[PDB]
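Given next, in structure tokens, is a single chain: the form solved without ligand ADP.
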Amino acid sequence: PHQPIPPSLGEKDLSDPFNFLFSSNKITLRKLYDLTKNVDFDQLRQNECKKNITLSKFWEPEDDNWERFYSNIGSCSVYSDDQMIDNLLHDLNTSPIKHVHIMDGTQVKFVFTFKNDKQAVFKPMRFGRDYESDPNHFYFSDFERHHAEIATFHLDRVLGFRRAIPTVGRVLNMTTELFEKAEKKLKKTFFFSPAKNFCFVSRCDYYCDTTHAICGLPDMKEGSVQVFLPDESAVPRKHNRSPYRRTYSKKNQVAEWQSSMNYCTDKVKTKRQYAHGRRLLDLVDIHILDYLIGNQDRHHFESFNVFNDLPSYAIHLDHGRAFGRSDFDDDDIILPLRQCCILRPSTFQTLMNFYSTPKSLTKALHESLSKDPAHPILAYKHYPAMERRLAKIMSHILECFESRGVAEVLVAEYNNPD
């Protein structure tokens, strides 16, 4: 089947997810050690977050973990309590579904309304875990992968960012939980395939048609379930165009930042929004994440606009187009690191910690992913890829240290003299 069963409902893979050879370059490792042996990271880290305040203390409800999640949304992090979040994850997976609606407007996605009247974003599973993106497909031609949404959220926690939105796997009964709970406009788009599998077309801009319908085998369908952001009326949000937006054209495929090396220096560091603050450090952080997962589709940034005065941060969202290729690293994604050569001190330590112990990153990720009910989330072939990409990142960092000095790269806040 092109659209297979949920892997959790299949034969359990007994293979060792880490039976691959890697090893770490000790020359590079030693050069990073030497260039940083006198850096007091502890004192450096304390300025990365100006004021650590949650949404509740700023307001001065916890009936359910949604409200408990919303309340603990901080000024320098989306969440800081893994256990409470893991409880929310459990709720997203197990809570009874009351309504299913087609979401605004993009690829097929549903809004789940649970019995507690809380809500979530649902993205259905299409292909199996082994499926890789067409080499001829552009980033804007790529089909979303629900398991990429899940995997990246976990990786975002493992890296210690916690600026991603809680997402869990869930195997749904298409008949009782989708069809019978669906709105009238969505319900009518359901049908049976020639193989008698249950299918829905839905309505959306990107290939919500009969040919690309989502189909069960016959009536179950795994998907990603992501907790809704708090209401915009209460917690307003900002939508910002990325300076590293790609061209999104097959004729002119080369943006300025892809051909001009000094792009960051002349065109990004000199902008008001990036000249002072945390925004550029965020951009480097999020592109490190996107490079590790091979996400090319980072055209805009999303941020809360609710904490007065204090600086906002980019919400790590929209990861559907991640993990498309296990045999290809797109170094264009990590270009901001190479061009800007600034890096949040905590991020460096996190990366350094994982890098100095081979396979520790993917092992810590595997362990996190294992708690998801829909595991395995990622095909194991992506693990050596992530290790390979991590090593390459450290090489770019070493180049930044040697070219611009460690005191100019590792800053908790960026300030442009000019």
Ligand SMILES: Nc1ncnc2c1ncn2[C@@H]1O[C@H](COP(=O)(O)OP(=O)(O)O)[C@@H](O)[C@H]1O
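One rule holds for the numbers: they count along the sequence shown, beginning at 1.
The discussion below concerns the form deposited with ligand ADP bound, not included here.
The closest non-hydrogen atom of residue 197 lies beyond 4.5 Å of ligand ADP in the deposited complex.
Among heavy atoms of residue 193, none comes within 4.5 Å of ligand ADP in the deposited complex. In the deposited complex, ligand ADP lies farther than 4.5 Å from every heavy atom of residue 279. In the deposited complex, ligand ADP stays beyond 4.5 Å of every heavy atom belonging to residue 93. The contact residue chosen from 302, 132, 332, 142 relative to ligand ADP in the deposited complex is 302, the criterion being a non-hydrogen atom within 4.5 angstroms. Of the candidates 229, 341, 310, 208, 229 is the one whose heavy atoms come within 4.5 Å of ligand ADP in the deposited complex; the others do not. Of the candidate stretches 279 to 287, 261 to 269, 243 to 251, 120 to 128, only 120 to 128 has residues whose heavy atoms lie within 4.5 Å of ligand ADP in the deposited complex.
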